[PDB]
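One chain is shown next in C-alpha cells, namely the form deposited in one PDB entry.
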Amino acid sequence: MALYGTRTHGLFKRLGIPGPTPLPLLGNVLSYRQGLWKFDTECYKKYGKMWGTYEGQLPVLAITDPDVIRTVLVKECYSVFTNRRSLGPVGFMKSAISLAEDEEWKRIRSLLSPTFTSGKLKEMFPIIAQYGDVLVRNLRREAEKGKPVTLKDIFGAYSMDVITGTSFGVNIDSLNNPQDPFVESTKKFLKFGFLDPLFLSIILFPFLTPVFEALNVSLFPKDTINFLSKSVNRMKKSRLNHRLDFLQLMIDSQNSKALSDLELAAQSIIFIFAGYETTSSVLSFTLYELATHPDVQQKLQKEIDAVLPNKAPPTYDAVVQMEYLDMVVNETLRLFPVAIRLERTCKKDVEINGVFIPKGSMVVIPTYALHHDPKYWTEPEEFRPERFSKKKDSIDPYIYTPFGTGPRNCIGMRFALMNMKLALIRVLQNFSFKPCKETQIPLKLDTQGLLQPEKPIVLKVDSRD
C-alpha cells in the first residue's frame, strides 16, 4: 500500500522536519494507543524543537519553542490560527464557543466574556461556595464507615453539582440522585473522545463529517444533548413568568449581533461539558499528591487554619490570601494538564519559523511534554509546590499552559480555579487524607481522552475532629 493512502506523507520529509514514519491510511494514529501524553513526550525527547506526524493524511506539526508558541497562540491568532482541530459531526453544537470557528467564534466569545470576568466571579462566589457544604457531608458519610473512599464519585458529584448550580441556579445533589434524568444524561459525557470506530474514522477521514451530519450522527450523546436542550428551553420559559447564573446572564444579553436561542443552548451545554470531567479529575489528582505528600498537606492545612480560624467559611478574599493553595493547584496542573495538548489549524499557507506549512495543517503545542521537560523543571516528575513560590524565577506562560493562552484560552479558567480551591479548602478543613493498600502507588495514567488515573484513586479519609 506504499502508493495508496500516502499522498501527503512526504511533506515533512521534503521540509526537513523529523518525525516517525507514518503507515498508509492510518498515518501515525496507531502511536496514540499508548496515550497522547506519552506519544508527545517520546517525540519531544527524540526530535527536539519540532516534529511532524500524520493523522491519516492530515499533517500535524508540533512546536516547543516559546517564541514560536507565542507566534501561533497570540500574534497570529486572528490572522492564521483562529480555529482548532477540524470540526466533527456535532449537529447544532457547532455553535458552542469551544467548537465555533472564525467570525462566529469571535462574536460568541465577545458576547460571553462578561460572564467569566473576575468581577462576575466575585458576585457569584456565595452561590458557588454553598456547594462546598454538600461536598463535605457527602465525604463525611463515606468517611464515617472507616472504609477507604473512591474520590471520583465524590468529586465527580461535586463537579457536576457546582457547574450545574452556577449554570441554572439549582442544586441537583448528584451523588444522592442517580435517577435524576439530568444526572443520568450528564454522566454520558464521560465516554466522550474515546478512540472508538466512529471517532477514529473522523480523524482519519474528516471528509466524512458532512455525511454523518446528514445522517444525524453526532460525537455527543444525542439523547443527552436533546434533554439538556429541552431542559434549557423549559427553564427560560419558566423565568418568563432576580436570578444570578450563567443562563440568566445569557437571557439578559439576548434581551439587550445577539445570541440566538439555539446558540444559547449550545453554550449552556458546553459549560456543563467543560467543567464536569476536567474539574473532577484535577481534584482527584490533587488529593493523591496531598495524600502521598503529607508534609504538603499539613503545610496547606496550616495555611487554611491560619487564614480561616475556627473552620471559618471561605470568602473570596480568604482564597486570595492562600498562597500555598495556589502553589498546590498550580503544581498539580503542571504534573497533570488534563487537556494534554493545545491544537490550532492553519487557515492559510503560513511560514512557521522558516518552515512552510500548507493550509489546513494542524499545529500542536504539547503542554504535557513541555510540563515534564527537565530543561525547564528540576526533577520534573516530583510533586514540589515550591516551584511556583515567588522566590523562584517567573514561569513562562508559553511553557506552562494548563488552560492554554492567548485569545482562545480557557474562558472558564477563573471559575474552574475557584471551584477547585473552594472544594480543597472545605475538605481539608474537615478531613485528612492518607494512602491505603488499595491506593495505586505510583499512579499510572490512562491512554485516552482527558488525563485520568488508570485505576480510580482510593484513599483513607479521617476527620480532623
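Numbering starts at 1 and runs along the sequence shown. So that the term is clear: the rigid core is the largest set of C-alpha atoms that superpose within 1.5 Å between two forms.
Same protein, other form: the form deposited in another entry, not shown, and the subject of what follows.
Compared between the shown form and the other one on the core, the listed residues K375, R234, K311, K359 keep their C-alpha shifts below 2 Å, save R234. For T278, a C-alpha deviation below 2 angstroms is recorded between the shown form and the other one after rigid-core alignment. Remark: with the core as the superposition reference, the CA shift of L190 between the shown form and the other one reaches 2 Å or more. After superposition on the rigid core, the Cα of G146 moves by less than 2 Å between the shown form and the other one. In the other entry, the Cα atoms of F192 and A157 sit 3 Å or more farther from each other than they do here. CA of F189 to CA of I425: farther apart by 3 Å or more in the other entry than in the shown form.
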